[PDB]
Amino acid sequence: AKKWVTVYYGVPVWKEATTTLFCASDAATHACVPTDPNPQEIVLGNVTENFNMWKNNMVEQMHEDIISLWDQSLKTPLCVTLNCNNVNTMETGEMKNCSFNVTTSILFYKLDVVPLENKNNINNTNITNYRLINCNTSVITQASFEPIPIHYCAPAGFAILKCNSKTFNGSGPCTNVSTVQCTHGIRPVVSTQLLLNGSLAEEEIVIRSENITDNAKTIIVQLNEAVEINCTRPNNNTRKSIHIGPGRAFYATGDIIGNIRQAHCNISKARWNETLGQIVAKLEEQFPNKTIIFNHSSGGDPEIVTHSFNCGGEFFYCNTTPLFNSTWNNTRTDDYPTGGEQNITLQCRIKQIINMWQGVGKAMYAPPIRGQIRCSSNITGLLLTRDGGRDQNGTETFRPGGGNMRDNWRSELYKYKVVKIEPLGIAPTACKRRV
Amino acid sequence: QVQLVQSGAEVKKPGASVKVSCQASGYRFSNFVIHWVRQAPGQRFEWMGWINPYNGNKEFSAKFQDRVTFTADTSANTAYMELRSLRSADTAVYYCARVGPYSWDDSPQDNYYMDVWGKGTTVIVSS
Amino acid sequence: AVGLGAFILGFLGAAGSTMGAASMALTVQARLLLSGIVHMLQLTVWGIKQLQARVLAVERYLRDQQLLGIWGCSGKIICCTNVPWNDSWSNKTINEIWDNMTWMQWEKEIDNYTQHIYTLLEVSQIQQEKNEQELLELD
Amino acid sequence: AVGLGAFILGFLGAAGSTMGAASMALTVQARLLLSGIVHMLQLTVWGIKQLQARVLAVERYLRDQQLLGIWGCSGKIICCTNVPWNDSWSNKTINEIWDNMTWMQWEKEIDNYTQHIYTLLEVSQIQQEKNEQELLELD
Amino acid sequence: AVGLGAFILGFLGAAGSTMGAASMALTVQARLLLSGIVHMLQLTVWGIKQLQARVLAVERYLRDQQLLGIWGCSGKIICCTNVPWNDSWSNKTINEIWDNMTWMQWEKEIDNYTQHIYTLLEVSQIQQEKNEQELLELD
Ligand SMILES: *[C@@H]1O[C@H](CO)[C@@H](O[C@@H]2O[C@H](CO)[C@@H](O[C@@H]3O[C@H](CO)[C@@H](O)[C@H](O[C@H]4O[C@H](CO)[C@@H](O)[C@H](O)[C@@H]4O)[C@@H]3O)[C@H](O)[C@H]2NC(C)=O)[C@H](O)[C@H]1NC(C)=O
Ligand SMILES: *[C@@H]1O[C@H](CO)[C@@H](O[C@@H]2O[C@H](CO)[C@@H](O[C@@H]3O[C@H](CO)[C@@H](O)[C@H](O)[C@@H]3O)[C@H](O)[C@H]2NC(C)=O)[C@H](O)[C@H]1NC(C)=O
Ligand SMILES: *[C@@H]1O[C@H](CO)[C@@H](O[C@@H]2O[C@H](CO)[C@@H](O[C@@H]3O[C@H](CO)[C@@H](O)[C@H](O)[C@@H]3O)[C@H](O)[C@H]2NC(C)=O)[C@H](O)[C@H]1NC(C)=O
Ligand SMILES: *[C@@H]1O[C@H](CO)[C@@H](O[C@@H]2O[C@H](CO)[C@@H](O[C@@H]3O[C@H](CO)[C@@H](O)[C@H](O)[C@@H]3O)[C@H](O)[C@H]2NC(C)=O)[C@H](O)[C@H]1NC(C)=O
Ligand SMILES: *[C@@H]1O[C@H](CO)[C@@H](O[C@@H]2O[C@H](CO)[C@@H](O)[C@H](O)[C@H]2NC(C)=O)[C@H](O)[C@H]1NC(C)=O
Ligand SMILES: *[C@@H]1O[C@H](CO)[C@@H](O[C@@H]2O[C@H](CO)[C@@H](O)[C@H](O)[C@H]2NC(C)=O)[C@H](O)[C@H]1NC(C)=O
Ligand SMILES: *[C@@H]1O[C@H](CO)[C@@H](O[C@@H]2O[C@H](CO)[C@@H](O)[C@H](O)[C@H]2NC(C)=O)[C@H](O)[C@H]1NC(C)=O
Ligand SMILES: *[C@@H]1O[C@H](CO)[C@@H](O[C@@H]2O[C@H](CO)[C@@H](O)[C@H](O)[C@H]2NC(C)=O)[C@H](O)[C@H]1NC(C)=O
Ligand SMILES: *[C@@H]1O[C@H](CO)[C@@H](O[C@@H]2O[C@H](CO)[C@@H](O)[C@H](O)[C@H]2NC(C)=O)[C@H](O)[C@H]1NC(C)=O
Ligand SMILES: *[C@@H]1O[C@H](CO)[C@@H](O[C@@H]2O[C@H](CO)[C@@H](O)[C@H](O)[C@H]2NC(C)=O)[C@H](O)[C@H]1NC(C)=O
Ligand SMILES: *[C@@H]1O[C@H](CO)[C@@H](O[C@@H]2O[C@H](CO)[C@@H](O)[C@H](O)[C@H]2NC(C)=O)[C@H](O)[C@H]1NC(C)=O
Ligand SMILES: *[C@@H]1O[C@H](CO)[C@@H](O)[C@H](O)[C@H]1NC(C)=O
Ligand SMILES: *[C@@H]1O[C@H](CO)[C@@H](O)[C@H](O)[C@H]1NC(C)=O
Ligand SMILES: *[C@@H]1O[C@H](CO)[C@@H](O)[C@H](O)[C@H]1NC(C)=O
Ligand SMILES: *[C@@H]1O[C@H](CO)[C@@H](O)[C@H](O)[C@H]1NC(C)=O
Ligand SMILES: *[C@@H]1O[C@H](CO)[C@@H](O)[C@H](O)[C@H]1NC(C)=O
Ligand SMILES: *[C@@H]1O[C@H](CO)[C@@H](O)[C@H](O)[C@H]1NC(C)=O
Ligand SMILES: *[C@@H]1O[C@H](CO)[C@@H](O)[C@H](O)[C@H]1NC(C)=O
Ligand SMILES: *[C@@H]1O[C@H](CO)[C@@H](O)[C@H](O)[C@H]1NC(C)=O
Ligand SMILES: *[C@@H]1O[C@H](CO)[C@@H](O)[C@H](O)[C@H]1NC(C)=O
Ligand SMILES: *[C@@H]1O[C@H](CO)[C@@H](O)[C@H](O)[C@H]1NC(C)=O
Ligand SMILES: *[C@@H]1O[C@H](CO)[C@@H](O)[C@H](O)[C@H]1NC(C)=O
Ligand SMILES: *[C@@H]1O[C@H](CO)[C@@H](O)[C@H](O)[C@H]1NC(C)=O
Ligand SMILES: *[C@@H]1O[C@H](CO)[C@@H](O)[C@H](O)[C@H]1NC(C)=O
Ligand SMILES: *[C@@H]1O[C@H](CO)[C@@H](O)[C@H](O)[C@H]1NC(C)=O
Ligand SMILES: *[C@@H]1O[C@H](CO)[C@@H](O)[C@H](O)[C@H]1NC(C)=O
Ligand SMILES: *[C@@H]1O[C@H](CO)[C@@H](O)[C@H](O)[C@H]1NC(C)=O
Ligand SMILES: *[C@@H]1O[C@H](CO)[C@@H](O)[C@H](O)[C@H]1NC(C)=O
Ligand SMILES: *[C@@H]1O[C@H](CO)[C@@H](O)[C@H](O)[C@H]1NC(C)=O
Ligand SMILES: *[C@@H]1O[C@H](CO)[C@@H](O)[C@H](O)[C@H]1NC(C)=O
């Protein structure tokens with residue numbers, strides 16, 4: 001029985017390929033077709049396709065075409081020496097709010113001022129002078145930000161293999177693979193150190209990383225309980241409407257209607273115990289005979305250490321130091337309320353000049369909202385990092401970090417890849433061609 | 001521990017492009033700002049600018065406006081410094097520094113005092 | 001549309017089933033087909049994208065059925081050539097390939113050899129179009 | 001689109017004309033084709049439904065041209081097999097079938113025998129793929 | 001879609017290139033394809049017109065591949081017949097046709113003879129379907 005080569009056409013062999021997926025949403029409105037009214041899904045069966053959420057070529061497709069639509073809605077610096085002082089007053093301590101000098105011819109809260117001093121003889125009077133935080137940055141443009149559940153769909157000729165195994169870890173094989181032409185609701189909300197309005201899991205809290213035994217790799221933690229948060233600004237600002245230029249607007253809002261209550265947040269301490277208690281129970285598995293110590297973040301730029309929000313159109317920077325702040329020797333221990341349970345707060349600062357889109361560098365201006373601001377979201381994910389230190393005595397310290405901006409989207413695109421169908425394949429058999 | 005290791009010496013002809021590199025080891029390079037200063041034998045130190053590898057924010061001094069460019073690699077934990085033009089007066093020892101941590105009770109620029117330096121590389125224009 | 005392999009192309013079998021069981025279940029499924037025995041805005045845009053996915057697969061099918069003419073398999077699904085299967089190309093004993101491996105595991109088995117076998121098929125076809133052509137020139 | 005039988009499929013003749021006159025008028029109609037001698041909202045929805053009726057007929061055509069490989073008629077319109085026509089299957093004297101009956105009356109004539117002839121075609125094809133295959137194994 | 005002749009039909013070569021260079025560059029382009037190596041309102045109306053231009057070209061292709069059955073070239077691209085090329089039909093010495101003339105200049109060369117050669121192909125095919133048919137009736 002001599003074998004012979006035979007070519008077949010219609011083989012189900014797959015090949016991972018890249019493409020330019022198109023958006024889809026209900027209602028930000030350019031190039032996005034409406035959602036599919038018939039979201040078909042076919043379970044393949046006994047297939048084991050090796051996934052890899054870290055080497056995925058879809059996260060780059062989402063990181064791009066989102067700075068692109070962001071730039072389409074932003075199509076100016078005027079850095080002059082300011083002059084201000086402390087405001088006339090869980091309480092606000094120092095929040096400078098004043099007006100500047102000459103605009104063309106003859107209120108910047110706290111993280112957008114840089115102190116200076118002239119060379120005159122006014123040093124005996126203590127006359128301070130400020131400057132904008134992005135005075136020497138490339139382009140400072142000026143403009144509602146509401147996340148819409150964008151759906152990425154595959155083009156003609158390509159498919160999407162969505163796994164369904166509830167025990168994901170990031171890489172390795174899957175056992176329940178199904179094909180879909182689109183995806184679930186993806187909220188493009190930007191934030192650091194915490195993932196807001198994400199997607200909960202189906203089993204216990206799972207962690208995932210490219211190499212858990214490495215320190216530079218981001219450790220994405222997906223929860224299974226929508227921990228709520230209540231961040232609000234109890235102040236009241238009024239639109240100044242300063243016009244500078246031939247038909248140009250600017251809004252350096254501010255009013256004294258009791259500027260003493262500092263904007264903060266509220267997190268359920270009872271719910272926060274059950275979350276971290278299950279996380280340490282999972283981290284102890286990969287890290288045996290060790291103490292999972294949580295600690296304060298790093299330093300440098302103020303937009304790194306703090307959490308980034310978006311509440312109705314204003315950005316909040318909150319000190320996340322009261323969060324995690326413990327040692328956690330064994331599983332589910334080391335509590336600290338002594339019978340309190342009094343809503344652990346987070347003091348927050350508010351910026352106006354935003355170093356928009358981490359990686360390139362092109363700031364923008366956020367127009368303030370007239371009145372009180374109140375928002376509420378669900379803390380569903382967590383970004384972490386491990387400090388590789390030689391003083392490791394069974395205490396591997398973890399920090400919130402924040403990592404790259406792409407890590408906020410790898411926690412939602414970890415379930416699928418884009419494949420191409422190669423239809424021809426060869427195989428040997430016993431037939432022979434007549435000649 | 002925190003340590004910055006620079007590259008070796010690089011003797012180049014006047015009009016070339018010297019590429020001085022930095023390397024972060026004991027911390028997360030994507031969270032701190034890196035400074036570059038210059039030191040000539042007998043002269044004083046002189047600031048050359050800084051780069052923010054987190055958001056890509058770059059700021060260089062007016063003296064080196066169109067002569068020195070800054071580039072950084074986040075995934076490799078290395079900061080680079082390119083030079084457009086050269087001159088025999090640029091024969092100096094280049095450094096590399098790292099800013100300090102940010103505290104909750106200070107201005108956004110009170111923590112850029114160059115905590116950790118680096119083993120300074122030297123460049124010669126004409127030997 | 002025959003075989004039900006969840007894709008437009010790749011109709012010779014379903015992913016997951018073995019190579020042998022996909023062909024034995026194809027002829028059985030083929031007998032039942034020859035005998036013949038048994039909002040608006042979001043609907044007009046997705047009606048087009050389902051057509052563009054089907055028309056593109058038809059154009060790729062009609063193109064590939066004619067590109068196989070370089071191997072003598074012009075317009076065929078299950079062709080048959082005369083190239084000797086080298087034993088160094090994962091021997092595996094024919095009855096063990098169709099009964100154990102699927103199409104996904106078999107493509108990962110000869111991934112380094114598909115570019116070399118594709119060249120031997122073209123060389124063997126030119127010999128057929130040359131030997132069977134000289135026989136007519138003698139008349 | 002050839003023959004003009006008012007339908008997309010069923011192009012080998014027009015309903016109403018006899019079996020013989022449909023083939024004699026098909027070759028004459030085929031010679032003229034090879035020689036080449038001679039609102040918006042309600043228009044964009046019905047432009048799609050005319051495409052879905054044509055793309056589906058193309059997919060059914062390309063599928064059936066390959067499903068006929070079980071009978072040896074892979075990729076043919078007017079095939080020809082070697083199964084002996086049994087006289088008990090409505091004898092009718094060949095020249096009287098093509099000149100008197102159309103395709104509608106002929107299908108109602110052998111309606112009870114189409115499921116049996118479809119099985120004899122598959123059995124006779126396997127014998128061809130077995131007898132013509134053993135001749136090559138002897139070399 | 002193969003050959004890149006800027007049109008849907010007319011895929012056997014690009015207009016402008018010679019007859020010989022279009023076929024030599026077609027097999028080279030075909031090897032790279034078998035190996036597999038490397039507003040909304042104005043968008044939904046023009047998405048349909050691009051489909052109607054592709055579906056019509058597919059229907060004309062599938063129709064013409066079966067109309068060539070009168071010449072024995074049923075389902076082929078580069079066919080080959082047995083009609084003797086008359087020297088009075090612009091002799092031109094075969095190697096000088098493929099290396100100098102393109103497809104546009106060659107059609108203008110035998111424009112008065114295409115209607116006569118199309119009739120000789122049908123006559124020669126009927127002789128093949130008659131001589132090769134009587135050989136089976138003797139058994
Ligand atoms: C995480 O998801 C939750 C759930 O969606 C989300 O909470 C939502 O926040 C928005 C923004 O505050 C709320 O939308 C507002 O709702 C009020 C009352 O219904 C409206 O009056 C508002 O409209 C006014 O304000 C707009 C912005 O200034 C104007 O453009 C508009 O013309 C009106 O003047 C506004 O629509 C929404 O109600 C909540 N949803 C829930 C269920 O609470 C939260 O913000 C998300 N988190 C993050 C970080 O994105
Ligand atoms: C493997 O993954 C598939 C999905 O790709 C899982 O099938 C899903 O199973 C759940 C429940 O087992 C289904 O939910 C319910 O289904 C009924 C069926 O009509 C529906 O009426 C309910 O409203 C609800 O949706 C889900 O629909 C189904 N999905 C699909 C596409 O079939 C399957 O369970 C997974 N198997 C394993 C072992 O993990
Ligand atoms: C969380 O991290 C912070 C820093 O990222 C830690 O704070 C600092 O930790 C170091 C290491 O122990 C302390 O340095 C040592 O301090 C002693 C004090 O006498 C000194 O003698 C040593 O030479 C050494 O420098 C440092 O003091 C400390 N910072 C402060 C302000 O106290 C912190 O310890 C970490 N959290 C936990 C729970 O460990
Ligand atoms: C955000 O605010 C918090 C609190 O206002 C700041 O965290 C505080 O950080 C310091 C050192 O980094 C901690 O101080 C040390 O604490 C130990 C144990 O209490 C004490 O024995 C030492 O003497 C020393 O004071 C302090 O505990 C810590 N506070 C909390 C509540 O954890 C944080 O620095 C602020 N964020 C930034 C970026 O500055
Ligand atoms: C994710 O899970 C898979 C399977 O559960 C892991 O793959 C196995 O990992 C073990 C040890 O890590 C190896 O001994 C096996 O050979 C692996 N099997 C396969 C098929 O690769 C994978 O390592 C996990 N990944 C992470 C990051 O935890
Ligand atoms: C994941 O990280 C671990 C440690 O963070 C790596 O293990 C080290 O690998 C290097 C290079 O091969 C060795 O020199 C070390 O000795 C290893 N550590 C130990 C404790 O043995 C591991 O290689 C990484 N894996 C991947 C795939 O990157
Ligand atoms: C944050 O605010 C929300 C309301 O916006 C709170 O949700 C309510 O919680 C109480 C119990 O604490 C429930 O009885 C209500 O039904 C909830 N509201 C709704 C609309 O369902 C939430 O508890 C707050 N979180 C914290 C930590 O204070
Ligand atoms: C924790 O914070 C929540 C805020 O959601 C507090 O709930 C408020 O309670 C007061 C007094 O009962 C009500 O007037 C508010 O309407 C509640 N807020 C909401 C959004 O409904 C809660 O009281 C706080 N916990 C403690 C112990 O004070
Ligand atoms: C967030 O929660 C804190 C509780 O930890 C609230 O602060 C208290 O609020 C009550 C009113 O319900 C006051 O009577 C207390 O004097 C407050 N105490 C402190 C220490 O602040 C706070 O009001 C909550 N904020 C929101 C927006 O719900
Ligand atoms: C944030 O979390 C809350 C609680 O998990 C979600 O509230 C649920 O909303 C659905 C639909 O409106 C209700 O059927 C549930 O009863 C709500 N939960 C509770 C406990 O009442 C809320 O939808 C989440 N927000 C987002 C944007 O996902
Ligand atoms: C960064 O921006 C400031 C402007 O805010 C520049 O400062 C100017 O410097 C020139 C040169 O001496 C003076 O004539 C201007 O009066 C300065 N502006 C102000 C407002 O005082 C500074 O030069 C910029 N940095 C660089 C490197 O160009
Ligand atoms: C502010 O503007 C006035 C002119 O309106 C000018 O005289 C004065 O010098 C300016 N002050 C500074 C600090 O530039
Ligand atoms: C906020 O300020 C505006 C204008 O100053 C005023 O009309 C409004 O009543 C204030 N809000 C509250 C809650 O008093
Ligand atoms: C942890 O330490 C104990 C004591 O040495 C040892 O018996 C145990 O095996 C260690 N755990 C692991 C996972 O090695
Ligand atoms: C954690 O933070 C809260 C609020 O800032 C504080 O009351 C508590 O003491 C901290 N826990 C520890 C162990 O320091
Ligand atoms: C946190 O959860 C653990 C789980 O058993 C429990 O032992 C501990 O008392 C809890 N602390 C609080 C404050 O609820
Ligand atoms: C897949 O495997 C399961 C058992 O693991 C079996 O019941 C099922 O029939 C298989 N499906 C296919 C398509 O082979
Ligand atoms: C089979 O592979 C071997 C590799 O050692 C090679 O020497 C031999 O020529 C190959 N035979 C054919 C027919 O390809
Ligand atoms: C492969 O299939 C055969 C049946 O043809 C079976 O006997 C054998 O056990 C299978 N191989 C494995 C590794 O299970
Ligand atoms: C192809 O060969 C290389 C080395 O020659 C090997 O590393 C690789 O695994 C082979 N491919 C497959 C699919 O096994
Ligand atoms: C149908 O029959 C009528 C006579 O009743 C005749 O005139 C006509 O030509 C026939 N049409 C066809 C298509 O046979
Ligand atoms: C023809 O039909 C008769 C029924 O009387 C049957 O006996 C005979 O075997 C059939 N012959 C063939 C060739 O089908
Ligand atoms: C042909 O078959 C019919 C029955 O359909 C029968 O009546 C007739 O006699 C048969 N003809 C001959 C010549 O036996
Ligand atoms: C059947 O057709 C023939 C012509 O071939 C004709 O002579 C005969 O009358 C027709 N039969 C009937 C019943 O009209
Ligand atoms: C098929 O046979 C049955 C009885 O054997 C008969 O009633 C029926 O009319 C036949 N079918 C046709 C189309 O004549
Ligand atoms: C057309 O002719 C020009 C020279 O006039 C040549 O450069 C070009 O390559 C030719 N293109 C084709 C497609 O033959
Ligand atoms: C070739 O053309 C000449 C015209 O002079 C004609 O007499 C001859 O019959 C033709 N031969 C063929 C085979 O067509
Ligand atoms: C070929 O035909 C041309 C007319 O097209 C004629 O002029 C030439 O002489 C012919 N060649 C020969 C060798 O007869
Ligand atoms: C036709 O092509 C040949 C090369 O095959 C060349 O020698 C000849 O010059 C060309 N004819 C003309 C008129 O240029
Ligand atoms: C066809 O012949 C006529 C005269 O017989 C002539 O005028 C015409 O030019 C010829 N056609 C071509 C394309 O040369």
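Read the figures in this text as sums done on the coordinates, not as results from a lab. Cβ sites come from the backbone with ideal geometry, for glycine too, and all protein chains shown count toward neighbours.
Would you please name the residue that is surrounded by the fewest Cβ atoms within 10 Å (Cβ to Cβ), looking only at residues in the stretch A:254-300 that are farther than 30 Å from A:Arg332 by Cα, out of contact with any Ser or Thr (no Cβ under 6 Å at 6 or more places or on another chain) and among the β-branched types (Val, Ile, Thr)? Can you show your working first?
First, pick out the residues of the stretch A:254-300 that are farther than 30 Å from A:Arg332 by Cα: A:254-263, A:300.
Narrowing the set further to residues that are out of contact with any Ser or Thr (no Cβ under 6 Å at 6 or more places or on another chain) leaves A:254, A:256-259, A:261, A:263, A:300.
Retained after the next criterion (residues that are among the β-branched types (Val, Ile, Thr)): A:256-257.
On the way: A:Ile256: 13, A:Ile257: 11.
Among them, the one singled out is A:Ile257.
Out of curiosity, is A:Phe51 closer than 30 Å to A:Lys417 by Cβ and of a type in the set (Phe, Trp, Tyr)?
Values: closer than 30 Å to A:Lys417 by Cβ: yes; of a type in the set (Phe, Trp, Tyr): yes.
Judged against the criteria, A:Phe51 is a match.
Return a yes/no flag: does the stretch D:82-99 have any residue that is in contact with a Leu (Cβ under 6 Å, 6 or more places away or on another chain) and away from ligand 18 (no atom under 16 Å from the Cβ).
yes
For the stretch C:7-50, how many residues are at the interface with chain A (Cβ under 9 Å from one of its Cβ atoms) and not polar (S, T, N, Q)?
Counting residues in the stretch C:7-50 that are at the interface with chain A (Cβ under 9 Å from one of its Cβ atoms) and not polar (S, T, N, Q) gives 18.
Out of the residues in the stretch A:272-291 meeting the condition of being closer than 23 Å to A:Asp391 by Cβ and polar (S, T, N, Q), tell me which one is nearest to the chain's Cα centre (by Cα).
That would be A:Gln286.
Please work out if A:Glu204 is more than 18 Å from the chain's Cα centre (by Cα) and away from ligand 10 (no atom under 16 Å from the Cβ). Lay out the reasoning, then the answer.
Values: more than 18 Å from the chain's Cα centre (by Cα): yes; away from ligand 10 (no atom under 16 Å from the Cβ): yes.
Considered against the rule, which asks whether it is more than 18 Å from the chain's Cα centre (by Cα) and away from ligand 10 (no atom under 16 Å from the Cβ), A:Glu204 comes out as yes.
For the stretch B:17-42, how many residues are part of a loop (DSSP other than H, G, I, E, B) and surrounded by 15 or more Cβ atoms within 10 Å (Cβ to Cβ)? Spell out the reasoning first.
Let us first name the residues in the stretch B:17-42 that are part of a loop (DSSP other than H, G, I, E, B), namely B:17-19, B:22-23, B:25-28, B:32-33, B:40-42.
The next check asks that each one be surrounded by 15 or more Cβ atoms within 10 Å (Cβ to Cβ); those that pass are B:18, B:22-23, B:27-28, B:32-33.
Residues in the stretch B:17-42 being part of a loop (DSSP other than H, G, I, E, B) and surrounded by 15 or more Cβ atoms within 10 Å (Cβ to Cβ): 7 in total.
What single numbered condition from (1) hydroxyl-bearing (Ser, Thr, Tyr); (2) over 22 Å from the mean Cα position of the chain (by Cα); (3) over 28 Å from C:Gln105 (Cβ atoms); (4) surrounded by 19 or more Cβ atoms within 10 Å (Cβ to Cβ) fails to hold for A:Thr179?
Looking at each condition in turn, A:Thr179 falls short on (3).
For (1) of a type in the set (A, V, I, L, M); (2) assigned to a helix (DSSP H, G or I); (3) at positive phi; (4) within 16 Å of ligand 10 (Cβ to nearest atom), each residue gets a yes or a no:
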{"residue": "E:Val83", "(1), (2), (3), (4)": "yes, no, no, no"}
{"residue": "E:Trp89", "(1), (2), (3), (4)": "no, no, no, no"}
{"residue": "E:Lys92", "(1), (2), (3), (4)": "no, no, yes, no"}
{"residue": "E:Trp98", "(1), (2), (3), (4)": "no, yes, no, no"}
{"residue": "E:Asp111", "(1), (2), (3), (4)": "no, no, no, no"}
{"residue": "E:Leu120", "(1), (2), (3), (4)": "yes, yes, no, no"}
{"residue": "E:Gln127", "(1), (2), (3), (4)": "no, yes, no, no"}
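Which condition from (1) outside any loop (DSSP other than H, G, I, E, B); (2) loosely packed, with under 15 Cβ neighbours inside 10 Å; (3) over 17 Å from the mean Cα position of the chain (by Cα); (4) more than 8 Å from chain A (Cβ to nearest Cβ) is the one that C:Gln105 breaks?
(3)
Give A:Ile229, A:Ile207 a once-over and let me know the one that is buried (at least 19 other Cβ atoms within 10 Å of the Cβ) and not in a loop (DSSP other than H, G, I, E, B). Working first, answer last.
Working: A:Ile207 fails: buried (at least 19 other Cβ atoms within 10 Å of the Cβ).
Just one listed residue meets the conditions, A:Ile229.
Considering each of E:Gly10, E:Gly5 in turn, give the residue that is buried (at least 16 other Cβ atoms within 10 Å of the Cβ) and outside any helix (DSSP H, G or I).
Numbers: E:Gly10 fails: buried (at least 16 other Cβ atoms within 10 Å of the Cβ).
From the options E:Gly10, E:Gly5, the qualifying one is E:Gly5.
Suppose the filter is in contact with a helix residue (DSSP H, G or I) (Cβ under 7 Å, 6 or more places away or on another chain), surrounded by fewer than 17 Cβ atoms within 10 Å (Cβ to Cβ) and more than 30 Å from C:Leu68 (Cβ to Cβ); does A:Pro37 pass it?
Working: in contact with a helix residue (DSSP H, G or I) (Cβ under 7 Å, 6 or more places away or on another chain): yes; surrounded by fewer than 17 Cβ atoms within 10 Å (Cβ to Cβ): yes; more than 30 Å from C:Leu68 (Cβ to Cβ): yes.
Yes: the conditions hold for A:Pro37.
List every residue pair whose Cβ atoms sit under 9 Å apart, with the two residues 6 or more apart in sequence or on different chains, where the first one lies in the stretch D:114-139 and is within 14 Å of chain A (Cβ to nearest Cβ) and the second, anywhere, is in a helix (DSSP H, G or I).
D:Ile126/D:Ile70
Output the qualifying pairs, or none if there are none: Cβ atoms under 6 angstrom, residues six or more apart or on different chains, first residue in the stretch C:55-74 and over 25 Å from C:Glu129 (Cβ atoms), second residue of a type in the set (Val, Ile, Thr).
C:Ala57/C:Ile8
Within the stretch B:110-122, is even one residue touching a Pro at 6+ places or on another chain (Cβ under 6 Å) and farther than 30 Å from A:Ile353 by Cβ? Can you show your working first?
Pass one, the stretch B:110-122, residues touching a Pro at 6+ places or on another chain (Cβ under 6 Å): none.
No: zero hits.
Considering (1) outside any loop (DSSP other than H, G, I, E, B); (2) of a type outside the set (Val, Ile, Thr); (3) surrounded by fewer than 16 Cβ atoms within 10 Å (Cβ to Cβ), say which one A:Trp70 fails and leave the rest.
It is condition (3) that A:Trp70 fails.
Residues in the stretch A:179-200: is at least one outside any loop (DSSP other than H, G, I, E, B), among the hydroxyl-bearing types (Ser, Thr, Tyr) and more than 16 Å from A:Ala24 (Cα to Cα)? Spell out the reasoning first.
Filtering the stretch A:179-200 for residues outside any loop (DSSP other than H, G, I, E, B) gives A:179-180, A:186, A:194-196.
Narrowing the set further to residues that are among the hydroxyl-bearing types (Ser, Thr, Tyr) leaves A:179.
Retained after the next criterion (residues that are more than 16 Å from A:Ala24 (Cα to Cα)): A:179.
Yes, the stretch A:179-200 has at least one match.
Looking at the stretch B:44-61 only, could you name the residues that are touching a helix residue (DSSP H, G or I) at 6+ places or on another chain (Cβ under 6 Å) and basic (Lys, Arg)?
none
Could you tell me which residue of the stretch C:59-81 is nearest to the other protein chains (Cβ to nearest Cβ), considering only residues that are assigned to a helix (DSSP H, G or I) and among the polar types (S, T, N, Q)? Talk me through it step by step, then tell me what you get.
Of the stretch C:59-81, the ones assigned to a helix (DSSP H, G or I) are C:59-70.
Checking which are among the polar types (S, T, N, Q) leaves us with C:65-66.
Details: C:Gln65: 7, C:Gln66: 6 Å.
Restricting to residues being assigned to a helix (DSSP H, G or I) and among the polar types (S, T, N, Q), the top hit is C:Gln66.
Show me the strands (runs of 3 or more DSSP E) entirely contained within the stretch A:264-332 in which 2 or more residues are more than 14 Å from every other protein chain (Cβ to nearest Cβ).
On the way: elements: A:264-267, A:291-294, A:316-318.
Hits in the stretch A:264-332: A:264-267, A:291-294.
Can you find a residue that is aromatic (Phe, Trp, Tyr), closer than 27 Å to C:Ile70 by Cβ and either surrounded by fewer than 17 Cβ atoms within 10 Å (Cβ to Cβ) or within 16 Å of ligand 27 (Cβ to nearest atom) (or both) anywhere in the stretch E:52-62? Before the answer, list the steps.
Here is the first cut: in the stretch E:52-62, the residues aromatic (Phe, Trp, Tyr) are E:61.
Next cut, closer than 27 Å to C:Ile70 by Cβ only: E:61.
Cutting the leftovers down to either surrounded by fewer than 17 Cβ atoms within 10 Å (Cβ to Cβ) or within 16 Å of ligand 27 (Cβ to nearest atom) (or both) gives us E:61.
Looking through the stretch E:52-62, at least one residue is aromatic (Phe, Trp, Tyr), closer than 27 Å to C:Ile70 by Cβ and either surrounded by fewer than 17 Cβ atoms within 10 Å (Cβ to Cβ) or within 16 Å of ligand 27 (Cβ to nearest atom) (or both).
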